$ cat work_24.txt   # compact mmCIF, C-alpha atoms
# COMPACT_ATOMS: atom_id res chain seq x y z
CA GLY A 3 256.81 94.32 -139.44
CA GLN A 4 256.63 91.09 -141.43
CA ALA A 5 253.51 89.20 -142.50
CA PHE A 6 253.29 85.40 -142.47
CA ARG A 7 250.76 83.64 -144.77
CA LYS A 8 248.79 86.88 -145.23
CA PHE A 9 248.64 87.87 -141.56
CA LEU A 10 250.39 90.94 -140.15
CA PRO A 11 250.23 91.24 -136.34
CA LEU A 12 249.77 94.73 -134.94
CA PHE A 13 251.90 96.63 -132.37
CA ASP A 14 254.39 94.36 -130.53
CA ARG A 15 252.37 91.14 -130.90
CA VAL A 16 254.43 88.20 -132.19
CA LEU A 17 253.03 85.14 -133.98
CA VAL A 18 254.84 81.86 -133.28
CA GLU A 19 254.34 78.24 -134.33
CA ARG A 20 254.83 75.73 -131.53
CA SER A 21 257.30 72.97 -132.32
CA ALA A 22 256.38 69.30 -132.57
CA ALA A 23 256.17 67.84 -129.07
CA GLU A 24 258.17 64.70 -128.36
CA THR A 25 256.58 61.32 -128.99
CA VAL A 26 259.57 58.99 -128.44
CA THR A 27 262.60 59.17 -126.15
CA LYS A 28 266.24 58.41 -127.03
CA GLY A 29 266.05 54.73 -126.07
CA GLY A 30 262.97 53.97 -128.16
CA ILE A 31 260.26 54.33 -125.50
CA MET A 32 257.31 56.14 -127.07
CA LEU A 33 254.90 58.47 -125.26
CA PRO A 34 251.10 58.81 -125.17
CA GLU A 35 249.42 61.71 -126.93
CA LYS A 36 247.83 63.25 -123.82
CA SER A 37 250.98 63.27 -121.66
CA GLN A 38 253.07 65.17 -124.24
CA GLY A 39 252.23 68.41 -122.43
CA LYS A 40 252.33 71.89 -123.92
CA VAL A 41 255.67 72.55 -125.61
CA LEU A 42 257.36 75.78 -124.48
CA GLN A 43 259.66 75.82 -127.53
CA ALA A 44 258.62 77.58 -130.72
CA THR A 45 259.87 79.49 -133.76
CA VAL A 46 258.96 83.11 -134.46
CA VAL A 47 257.10 83.16 -137.77
CA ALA A 48 255.68 86.71 -137.73
CA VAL A 49 256.57 89.97 -135.98
CA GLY A 50 254.48 93.06 -135.36
CA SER A 51 255.12 96.68 -136.25
CA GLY A 52 256.40 97.49 -132.75
CA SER A 53 254.74 99.27 -129.84
CA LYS A 54 254.94 103.05 -129.44
CA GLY A 55 256.50 103.38 -126.00
CA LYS A 56 257.00 107.14 -126.32
CA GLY A 57 255.60 109.72 -128.69
CA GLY A 58 257.66 110.54 -131.76
CA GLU A 59 259.68 107.30 -131.70
CA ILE A 60 258.89 103.68 -132.55
CA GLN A 61 260.42 100.73 -130.70
CA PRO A 62 261.01 97.72 -132.99
CA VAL A 63 260.20 94.15 -132.03
CA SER A 64 263.26 92.53 -130.44
CA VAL A 65 262.82 89.08 -132.01
CA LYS A 66 262.85 88.43 -135.76
CA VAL A 67 261.37 85.84 -138.10
CA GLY A 68 263.38 82.63 -137.84
CA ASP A 69 264.47 82.82 -134.19
CA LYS A 70 263.97 79.87 -131.84
CA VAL A 71 262.31 81.20 -128.68
CA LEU A 72 261.16 79.78 -125.34
CA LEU A 73 257.48 80.47 -124.70
CA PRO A 74 256.02 80.92 -121.21
CA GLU A 75 253.45 78.48 -119.90
CA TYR A 76 250.74 81.19 -119.83
CA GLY A 77 249.87 84.25 -121.90
CA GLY A 78 249.34 83.12 -125.50
CA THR A 79 246.25 83.58 -127.63
CA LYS A 80 244.90 81.17 -130.24
CA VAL A 81 245.26 81.88 -133.97
CA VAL A 82 243.90 79.57 -136.67
CA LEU A 83 245.35 79.86 -140.18
CA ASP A 84 244.30 77.41 -142.97
CA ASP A 85 243.52 74.68 -140.40
CA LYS A 86 246.87 75.11 -138.63
CA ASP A 87 247.55 76.40 -135.12
CA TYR A 88 249.59 79.47 -134.19
CA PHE A 89 249.96 81.52 -131.02
CA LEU A 90 250.09 85.28 -130.51
CA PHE A 91 252.21 86.63 -127.65
CA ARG A 92 253.34 89.95 -126.26
CA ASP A 93 256.93 90.99 -126.87
CA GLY A 94 257.82 91.03 -123.17
CA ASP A 95 256.20 87.66 -122.48
CA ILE A 96 258.88 85.75 -124.42
CA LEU A 97 261.42 84.51 -121.89
CA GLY A 98 264.41 84.29 -124.24
CA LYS A 99 265.72 83.28 -127.64
CA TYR A 100 268.14 80.61 -128.88
CA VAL A 101 271.28 81.68 -130.75
CA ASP A 102 273.41 79.30 -132.81
CA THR B 139 260.89 9.28 -87.55
CA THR B 140 259.24 7.79 -90.67
CA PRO B 141 256.52 9.05 -93.04
CA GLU B 142 254.69 5.75 -92.45
CA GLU B 143 254.03 6.78 -88.84
CA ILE B 144 252.77 10.16 -90.09
CA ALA B 145 250.42 8.38 -92.50
CA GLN B 146 249.23 6.08 -89.70
CA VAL B 147 248.56 9.02 -87.35
CA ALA B 148 246.67 10.95 -90.03
CA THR B 149 244.70 7.83 -90.99
CA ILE B 150 243.69 7.02 -87.40
CA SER B 151 242.79 10.62 -86.54
CA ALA B 152 240.61 10.90 -89.68
CA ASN B 153 238.26 8.04 -88.63
CA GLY B 154 240.24 5.29 -90.34
CA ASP B 155 240.34 6.87 -93.80
CA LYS B 156 243.50 5.75 -95.59
CA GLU B 157 243.26 8.29 -98.43
CA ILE B 158 243.28 11.26 -96.03
CA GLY B 159 246.34 9.83 -94.28
CA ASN B 160 248.09 9.23 -97.61
CA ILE B 161 247.42 12.75 -98.92
CA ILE B 162 248.47 14.32 -95.59
CA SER B 163 251.69 12.28 -95.59
CA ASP B 164 252.31 13.35 -99.19
CA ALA B 165 251.85 17.00 -98.18
CA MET B 166 254.21 16.44 -95.22
CA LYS B 167 256.83 15.03 -97.60
CA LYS B 168 256.36 17.84 -100.13
CA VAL B 169 256.22 21.04 -98.04
CA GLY B 170 258.09 19.72 -95.00
CA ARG B 171 256.83 18.60 -91.61
CA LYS B 172 256.60 22.20 -90.38
CA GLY B 173 254.86 23.46 -93.50
CA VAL B 174 251.83 25.64 -94.26
CA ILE B 175 248.88 23.47 -95.32
CA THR B 176 245.37 24.90 -95.73
CA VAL B 177 242.08 23.06 -96.18
CA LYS B 178 239.80 24.42 -98.91
CA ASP B 179 236.45 23.53 -100.43
CA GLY B 180 236.52 21.42 -103.59
CA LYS B 181 234.14 21.47 -106.54
CA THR B 182 234.76 17.83 -107.52
CA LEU B 183 234.00 14.44 -105.98
CA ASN B 184 237.46 13.46 -104.70
CA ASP B 185 239.89 15.41 -102.54
CA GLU B 186 243.13 16.64 -104.10
CA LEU B 187 246.47 18.16 -103.10
CA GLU B 188 247.79 21.31 -104.77
CA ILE B 189 251.40 22.32 -104.10
CA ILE B 190 252.02 26.03 -104.67
CA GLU B 191 255.73 26.82 -104.95
CA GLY B 192 257.38 30.18 -105.35
CA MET B 193 255.52 33.40 -104.58
CA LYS B 194 251.74 33.44 -105.05
CA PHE B 195 249.44 36.29 -104.06
CA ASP B 196 245.79 37.04 -104.78
CA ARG B 197 246.46 39.96 -107.14
CA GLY B 198 245.95 40.12 -110.90
CA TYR B 199 247.09 42.33 -113.74
CA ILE B 200 245.90 45.93 -113.93
CA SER B 201 244.64 45.89 -117.52
CA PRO B 202 243.45 42.94 -119.65
CA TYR B 203 245.55 44.08 -122.64
CA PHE B 204 248.74 42.62 -121.10
CA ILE B 205 247.78 39.05 -122.09
CA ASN B 206 250.16 37.46 -124.60
CA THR B 207 249.39 33.72 -124.28
CA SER B 208 245.94 32.77 -125.56
CA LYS B 209 245.98 29.11 -124.47
CA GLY B 210 245.19 29.74 -120.81
CA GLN B 211 244.54 33.50 -121.06
CA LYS B 212 247.56 34.05 -118.80
CA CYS B 213 250.75 36.03 -119.35
CA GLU B 214 254.12 34.26 -119.41
CA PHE B 215 257.70 35.54 -119.52
CA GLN B 216 261.07 33.83 -119.16
CA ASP B 217 264.02 35.50 -117.37
CA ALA B 218 262.11 38.69 -116.62
CA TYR B 219 263.08 41.89 -114.86
CA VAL B 220 260.94 42.83 -111.86
CA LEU B 221 260.49 46.34 -110.43
CA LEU B 222 258.92 47.02 -107.03
CA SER B 223 257.61 50.10 -105.25
CA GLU B 224 256.09 50.71 -101.82
CA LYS B 225 254.29 53.81 -103.13
CA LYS B 226 251.81 54.29 -105.96
CA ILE B 227 253.47 54.87 -109.33
CA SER B 228 251.85 57.88 -110.96
CA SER B 229 254.17 60.15 -112.91
CA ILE B 230 255.56 59.57 -116.39
CA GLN B 231 259.16 60.14 -115.26
CA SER B 232 258.76 57.48 -112.54
CA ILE B 233 258.04 54.71 -115.08
CA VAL B 234 260.05 55.70 -118.21
CA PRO B 235 263.62 54.72 -117.07
CA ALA B 236 262.45 51.22 -116.13
CA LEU B 237 261.06 50.92 -119.66
CA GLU B 238 264.35 52.23 -121.09
CA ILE B 239 266.37 49.69 -119.12
CA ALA B 240 263.95 46.91 -120.12
CA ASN B 241 264.14 47.85 -123.81
CA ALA B 242 267.93 48.30 -123.91
CA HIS B 243 268.55 44.85 -122.41
CA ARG B 244 265.58 43.31 -124.31
CA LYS B 245 264.10 41.65 -121.22
CA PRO B 246 260.52 41.47 -119.91
CA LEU B 247 259.39 43.79 -117.14
CA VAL B 248 256.87 43.10 -114.37
CA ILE B 249 256.05 46.01 -112.06
CA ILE B 250 254.61 45.18 -108.64
CA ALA B 251 253.03 48.34 -107.24
CA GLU B 252 249.96 49.52 -105.35
CA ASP B 253 248.02 50.97 -108.28
CA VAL B 254 248.94 52.30 -111.72
CA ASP B 255 246.90 55.34 -112.76
CA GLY B 256 245.74 56.54 -116.16
CA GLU B 257 248.84 58.18 -117.65
CA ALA B 258 251.22 55.36 -116.72
CA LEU B 259 248.63 52.79 -117.81
CA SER B 260 248.31 54.52 -121.19
CA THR B 261 252.10 54.62 -121.53
CA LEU B 262 252.43 50.91 -120.66
CA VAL B 263 249.63 49.63 -122.90
CA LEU B 264 250.63 51.89 -125.81
CA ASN B 265 254.25 50.71 -125.59
CA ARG B 266 252.99 47.12 -125.38
CA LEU B 267 250.70 47.36 -128.41
CA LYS B 268 252.57 49.72 -130.76
CA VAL B 269 256.28 48.86 -130.67
CA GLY B 270 255.78 45.46 -129.02
CA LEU B 271 257.85 45.76 -125.83
CA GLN B 272 256.74 43.39 -123.08
CA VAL B 273 255.60 44.82 -119.73
CA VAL B 274 252.96 43.96 -117.11
CA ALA B 275 251.77 45.61 -113.90
$ encode --input "work_24.txt" --output "structure tokens"
Amino acid sequence: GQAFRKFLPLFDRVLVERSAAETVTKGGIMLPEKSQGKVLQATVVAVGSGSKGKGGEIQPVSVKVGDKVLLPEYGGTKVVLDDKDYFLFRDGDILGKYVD
Amino acid sequence: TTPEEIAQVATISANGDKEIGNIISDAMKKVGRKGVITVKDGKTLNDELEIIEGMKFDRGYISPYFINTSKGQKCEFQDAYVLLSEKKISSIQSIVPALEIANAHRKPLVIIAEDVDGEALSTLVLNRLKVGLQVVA
């Protein structure tokens, strides 16, 4: 796997940083801080070593560092790193990734 | 057929008081002969006539942060957009496009609703105070 700011997740756990939630719309109308919601869009910043589905073989993590992914509404766990937020997820919990 | 006869009738029926007849004839001339006139208690010595034109209703603003004129502690706009709703406006998406169409045309917005709850109130007052767009509820 790959470690991000001295943190290597184990197994198939993936560490993501949630993107900045919107605070203004296209026409200039700006939003309150409470009603921004929880953003489901993030970028994969760290990948685990991969879960051992069967003995004698290792299954790598499908996503890689630098891929824009769509997080589910539920299932993440809190990670604090130098007073910054990050979220740990399972590999199968990520709904999909953005290619460009 | 003449307002003088109306003044005479209102003077005679009010125990010979000429001022009551004059003010009733003035009200008849102002709001029409078949008009809505209501008698109210006064806090001064002499009776007075107040003519209320347009639409007036006994409802105020939702939040006291919508005040822009400090002379009478009222809120005044000229050539303003008005939005109306029979139901209570609650969600963010139900109030944003009205703000977009008020900001794009650069016109004031007054929203007549039942009640505006916390999230839409926060959106309205934050857009009023931060960027300076004009809106009342």
$ closest_atom_pairs --input "work_24.txt" --of "chain A" --to "chain B" --cutoff "9 Å" --atoms "only C-alpha atoms" --output "Markdown table"
| residue | atom | partner | partner_atom | distance |
| --- | --- | --- | --- | --- |
| A:27 | CA | B:238 | CA | 8.8 |
| A:28 | CA | B:238 | CA | 8.8 |
| A:29 | CA | B:238 | CA | 5.8 |
| A:30 | CA | B:238 | CA | 7.4 |
| A:31 | CA | B:238 | CA | 6.4 |
| A:32 | CA | B:265 | CA | 6.4 |
| A:33 | CA | B:261 | CA | 6.0 |
| A:34 | CA | B:261 | CA | 5.6 |
| A:36 | CA | B:257 | CA | 8.0 |
| A:37 | CA | B:257 | CA | 6.8 |
$ atom_distance --input "work_24.txt" --atom1 "atom CA of residue 161 of chain B" --atom2 "atom CA of residue 182 of chain B"
16.1 Å
$ atom_distance --input "work_24.txt" --atom1 "atom CA of residue 191 of chain B" --atom2 "atom CA of residue 250 of chain B"
18.8 Å
$ closest_residue --input "work_24.txt" --among "A:35, A:93, A:87, A:102" --to "residue 21 of chain A" --atoms "all atoms listed in the file"
A:87
$ residues_around --input "work_24.txt" --residues "residue 65 of chain A" --least-positions-apart "4" --cutoff "9 Å" --atoms "only C-alpha atoms" --output "list in words"
residues 16, 46, 49, 69, 71, 93 and 99 of chain A
$ residues_near_point --input "work_24.txt" --point "(251.8, 42.4, -119.3)" --cutoff "7 Å" --atoms "only C-alpha atoms" --output "list in words"
residues 204, 205, 213, 272, 273, 274 and 275 of chain B
$ build_atoms --input "work_24.txt" --residues "segment 142-159 of chain B" --atoms "N, CA, C and O atoms" --output "CSV table (one decimal), in the coordinates of the input"
chain,number,residue,atom,x,y,z
B,142,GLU,N,255.7,6.8,-92.7
B,142,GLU,CA,254.7,5.8,-92.4
B,142,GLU,C,254.0,6.0,-91.1
B,142,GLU,O,252.7,5.8,-91.1
B,143,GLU,N,254.7,6.4,-90.1
B,143,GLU,CA,254.0,6.8,-88.8
B,143,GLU,C,253.2,8.0,-89.0
B,143,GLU,O,252.1,8.1,-88.4
B,144,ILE,N,253.6,9.0,-89.8
B,144,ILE,CA,252.8,10.2,-90.1
B,144,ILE,C,251.5,9.8,-90.8
B,144,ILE,O,250.4,10.2,-90.5
B,145,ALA,N,251.6,8.9,-91.8
B,145,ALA,CA,250.4,8.4,-92.5
B,145,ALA,C,249.5,7.6,-91.6
B,145,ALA,O,248.3,7.7,-91.7
B,146,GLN,N,250.0,6.8,-90.7
B,146,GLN,CA,249.2,6.1,-89.7
B,146,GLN,C,248.5,7.0,-88.7
B,146,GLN,O,247.3,6.8,-88.4
B,147,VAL,N,249.2,8.1,-88.3
B,147,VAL,CA,248.6,9.0,-87.4
B,147,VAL,C,247.4,9.8,-88.1
B,147,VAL,O,246.3,9.9,-87.5
B,148,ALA,N,247.7,10.2,-89.3
B,148,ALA,CA,246.7,11.0,-90.0
B,148,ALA,C,245.5,10.1,-90.5
B,148,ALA,O,244.4,10.5,-90.6
B,149,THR,N,245.8,8.8,-90.7
B,149,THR,CA,244.7,7.8,-91.0
B,149,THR,C,243.8,7.6,-89.8
B,149,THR,O,242.6,7.6,-89.9
B,150,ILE,N,244.4,7.3,-88.6
B,150,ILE,CA,243.7,7.0,-87.4
B,150,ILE,C,242.9,8.2,-86.9
B,150,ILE,O,241.7,8.1,-86.6
B,151,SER,N,243.5,9.4,-87.0
B,151,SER,CA,242.8,10.6,-86.5
B,151,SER,C,241.7,11.1,-87.5
B,151,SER,O,240.9,11.9,-87.1
B,152,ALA,N,241.7,10.6,-88.7
B,152,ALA,CA,240.6,10.9,-89.7
B,152,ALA,C,239.6,9.8,-89.8
B,152,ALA,O,239.1,9.5,-90.9
B,153,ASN,N,239.3,9.1,-88.7
B,153,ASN,CA,238.3,8.0,-88.6
B,153,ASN,C,238.6,6.9,-89.6
B,153,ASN,O,237.7,6.4,-90.3
B,154,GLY,N,239.8,6.5,-89.6
B,154,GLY,CA,240.2,5.3,-90.3
B,154,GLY,C,240.3,5.4,-91.8
B,154,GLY,O,240.4,4.4,-92.5
B,155,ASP,N,240.3,6.7,-92.4
B,155,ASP,CA,240.3,6.9,-93.8
B,155,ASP,C,241.8,6.8,-94.2
B,155,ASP,O,242.6,7.7,-93.8
B,156,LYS,N,242.1,5.9,-95.1
B,156,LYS,CA,243.5,5.8,-95.6
B,156,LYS,C,243.9,6.8,-96.6
B,156,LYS,O,245.1,7.2,-96.7
B,157,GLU,N,242.9,7.3,-97.4
B,157,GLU,CA,243.3,8.3,-98.4
B,157,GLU,C,243.6,9.6,-97.8
B,157,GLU,O,244.5,10.3,-98.3
B,158,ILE,N,242.9,10.0,-96.7
B,158,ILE,CA,243.3,11.3,-96.0
B,158,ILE,C,244.7,11.2,-95.4
B,158,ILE,O,245.5,12.1,-95.5
B,159,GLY,N,245.0,10.0,-94.8
B,159,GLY,CA,246.3,9.8,-94.3
B,159,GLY,C,247.4,9.9,-95.4
B,159,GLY,O,248.5,10.4,-95.2
